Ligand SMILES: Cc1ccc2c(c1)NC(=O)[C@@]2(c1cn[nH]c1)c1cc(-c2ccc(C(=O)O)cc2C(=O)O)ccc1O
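Next comes just one chain, in structure tokens: the form solved without the ligand.
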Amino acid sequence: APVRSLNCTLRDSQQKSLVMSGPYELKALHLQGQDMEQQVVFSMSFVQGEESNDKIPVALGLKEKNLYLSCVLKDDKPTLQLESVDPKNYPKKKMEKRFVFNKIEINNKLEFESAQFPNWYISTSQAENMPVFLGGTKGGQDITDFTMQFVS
């Protein structure tokens, strides 16, 4: 059958929102009111991979764009990027591993661990208007916990 996908937004546990701000550049900032139209809407696909009650493999595409979050080595470090794909072939159930996140539910929050790079997480900074990034350090200054809002 097709791959199953849900539209959603994400906010970090400090309640910062995710917006595009430049070519392939996703940043996190405090947003409320009219400006909330600026937030990125994801198409979260439920993909093939190792699964348990609280660890669910997903891909995170941008709604109606041929763009996915992906985890690659850059200058020898695990690195979050936006990657373009052939729009004829995506989304699909068997997404390549660089596109796969383990969506983990702990204490009413979500963490997104790289399937490719164990114990590296989608992260934000405490400061406003900085990149969303991959974070191999948890519980420090990096925010690895999120909430999801379902979108029509």
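Residue numbers here begin at 1 and follow the sequence given. Rigid core here is just the name for the largest C-alpha set that superposes within 1.5 Å across the two forms.
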*Select between 30 to 38 and 54 to 62 the stretch whose C-alpha atoms have the higher average B-factor in the entry.*
30 to 38
*Segment of higher mean CA temperature factor, 44 to 52 or 110 to 118*: 44 to 52
*Ordered by C-alpha B-factor within the chain, which third holds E25? Give me lowest, middle or highest, please.*
middle
*C-alpha B factor of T9, ranked within the chain: lowest, middle or highest third?*
lowest
*Third of the chain's Cα B-factor distribution that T147 belongs to, per the entry*: lowest
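Below: the form deposited with the ligand bound, not depicted.
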*Taking the pose of the ligand in the deposited bound form and superimposing the site C-alphas, would you call this form open or blocked (blocked if 3 or more ligand atoms are within 2.4 Å of a backbone or C-beta atom)?*
blocked
*Given that the partner is absent here, does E50 sit within 4.5 Å of the ligand in the deposited bound form, heavy atoms only?*
yes
*asked:* Using a 4.5 angstroms cut-off on non-hydrogen atoms, would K94 count as touching the ligand in the deposited bound form?
replied: yes
*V85: touches the ligand in the deposited bound form, heavy atom cutoff 4.5 angstroms*: no
*Taking heavy atoms only, is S125 within 4.5 angstroms of the ligand in the deposited bound form?*
no
*asked:* Superposing the core, which one of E105, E51, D35, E96 shows a C-alpha shift reaching 2 Å or more between this form and the one not shown?
replied: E51
*in the deposited bound form, shift in Cα separation for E83 relative to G49, 3 Å or more*: farther
_Direction of the Cα shift between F101 and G49 in the deposited bound form, where the change is 3 Å or more_ = farther
